[PDB]
Each structure stands twice: as C-alpha cells, then as structure tokens.
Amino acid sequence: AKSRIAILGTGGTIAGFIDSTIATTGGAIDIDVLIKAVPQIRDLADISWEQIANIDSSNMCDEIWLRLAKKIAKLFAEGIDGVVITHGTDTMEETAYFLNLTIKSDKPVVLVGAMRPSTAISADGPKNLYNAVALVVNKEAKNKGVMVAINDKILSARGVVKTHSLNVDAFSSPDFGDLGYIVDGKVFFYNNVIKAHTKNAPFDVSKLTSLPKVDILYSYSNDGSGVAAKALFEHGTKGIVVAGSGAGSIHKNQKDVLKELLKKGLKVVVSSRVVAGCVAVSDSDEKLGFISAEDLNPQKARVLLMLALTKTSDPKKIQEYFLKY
C-alpha cells in the first residue's frame, strides 16, 4: 500500500509557461498537467494536491507562510505521510527555514522548484518533481528537518541558499553542504543537520494571523541607509536585519542611527552580504543590543528574528535563539 503524499502548490517557474521554448525568464499551469509529464510519480505514492498560492515567489508574503504551516499540520493529523511544496526558486530558502521552525511533525516536508518554465526545452521541473516525491516516501526521510530537493541534491532548510541566479544548478549550502543526493529516485543521505528543528523548535504560529514586522537594510561604502532605518522605524518596523560588509560590519553612517534606534526599542540583527562564513559582533555592541545572526544570511535571519519576536522582546534571549536554531 502506497504512502499518501500531498503536493501544496504556491506558484513558481515550475508551474509557469512562456510562449517561447528557448525562453526561461518571466502565465500559469495546472498541477495535474505537471504530473502528466511524470506519470510514474503516481507509482511512488497516492497523490493528492491543493493550491495554497499561485505567485512568483519574489512576491511571497507572511500570510502564505501562516497558511502553509497550519495546512501541513492539519494534513499530517489526517494521516498524510509526507508533503511536497511546489515553490518558486527566488524565496524558496526563506519559506523553507520558516516551515522548519514551525512544523512539529517528524514527517517529510520537501520544497521543490525549477529554473526553467515547463515549456522550455530541457525543462528541469519534471525530474525535480519526480525526485521530490521519491524523497518524501523514502523510509530514511523522517526527522531530517524541512528540506529542499533540486537538481538531484538534498539541502537542509537551515543551510540552503540560492547561489546562482540563472543556472539549473542554483542551490547550495554555503556553510553546511548537502544532506544528500538523489540518483534516479534513489535517495542517499550523507549528513544529519545538527541544528534543532521542527518538534524541537519552540515556535507556535497556530494562533497567529500576522507576524512582527521585520525589514532588511544593506551596508556599503558611503552608506546612506541611516535615512532608511529611521523611516522604517517610524512606519512600524519592529526589527531590522542588516546585511553588513565582511563579517557583519555596519558602516558608521548607518550604525550611529541604529544605535539611536536601539535605545527606542528597535531590535537589530547583524547579518552579512557575504555568502559564506559567520558574522562577528563585539562584546561592546552586544551590550547595546546588537544580535549576531551567526552564519544566517539576511533573508533567513529575518525569518528567525520574526519568530523570536512572537515569544520575547529581550535581545539576550533572541541571541540564544540565533545560537541554537
């Protein structure tokens, strides 16, 4: 008897179509039509599906994250064995980490997308979907954390980052490297991610309708973002993640303003515009409230800071979260 797998659609290039077949950059397609490109998918599982959203992932929003988390918990309660989320590549890393911190089950939750529309020549979407379904039914897939499966690689939510903007091979874990690899429906695990997740993460969004407002600024030569920070704070921003230079260096023009705003209750997380590595926040700045995002990139750091702000307002406790999840 087959595993019951549910596919939740959110949109994305994987379910898109463009008029040309050579053209990759950008209407919409039905998921039933996706499955007919990989019929044998129905051999791996008894497949049910629902539409959670239909967007370009670049347009992701909190509401979608909330629904997804609540939907997944509901289906797992009804004996769904695993979930595949068709998603766009642009913000897949963001959605992945969110669900990784909000879903209590040990059951497989896999995000999958494609770099080429369904009508392109050499479309990578069919194989990816196949592998994703093959991954969620595999017996070793429990307790791994939320995962991304693209281009035959299995990536952990906690580590996954988009590292090429155009190439079919678009994803990576710049600091952890892959959980494993897939060779024609055959799953091979290399690692277990140590960072605590799912049932072992203390975030409960079942009752929430919105999330604390967190936004993102950048740092550079002649930084003029001080202006942007004040304006964000005056418009309800509860938290700011800064993409610092090197290991979390924030240009003084901007840093003076953030210092002011710390004393007024803004939470400030220091992240980095650099793809690999960890940030360093001095003991001095930590005392002021600056929170280190460790190795978490700016958009992922935003995810954890938001969820942290549903529980506490104390920068010391928030820092504890960033050290653990």
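Don't overthink the numbering: it's just position in the shown sequence, from 1.
Peer 1: Mind giving me a quick count class for deposited residues absent from the model between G26 and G27? Options are none, 1 to 3, 4 to 9, 10 or more.
Peer 2: In the deposited sequence, 1 to 3 residues between these two have no coordinates.
Peer 1: Averaging the C-alpha B factors as listed in the entry, name the stretch that ends up higher: 292-300 or 43-51.
Peer 2: For C-alpha atoms only, the mean B-factor is higher in 43-51.
Peer 1: With respect to the recorded C-alpha B factors, which stretch has the higher mean value, 32-40 or 278-286?
Peer 2: Per the PDB record, 32-40.
Peer 1: Have a look at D184, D90, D81, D124 and flag the one whose Cα has the highest B-factor in the entry.
Peer 2: Highest C-alpha B-factor among the listed options: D184.
Peer 1: Highest Cα B-factor in the PDB entry belongs to which of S245, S105, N167, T163?
Peer 2: Comparing C-alpha B-factors across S245, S105, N167, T163, the top value belongs to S105.
Peer 1: Quick one: classify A73 as lowest, middle or highest third of the chain based on its Cα B-factor.
Peer 2: Middle third, going by the recorded CA B-factors of the chain.
Peer 1: Would you check the entry's CA temperature factor for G177 and let me know if it's in the chain's lowest, middle or highest third?
Peer 2: Top third by C-alpha B-factor.
Peer 1: Can you tell me which third, lowest, middle or highest, the CA B-factor of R67 falls into for its chain?
Peer 2: Middle third of the chain for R67's C-alpha B-factor.
Peer 1: Sorting the chain's modelled residues by C-alpha B-factor, tell me whether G159 ends up in the lowest, middle or highest third.
Peer 2: According to the entry, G159 has a C-alpha B-factor in the chain's lowest third.
Peer 1: When the modelled residues of the chain are sorted by Cα temperature factor, does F203 land in the lowest, middle or highest third?
Peer 2: CA B-factor rank for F203: highest third.
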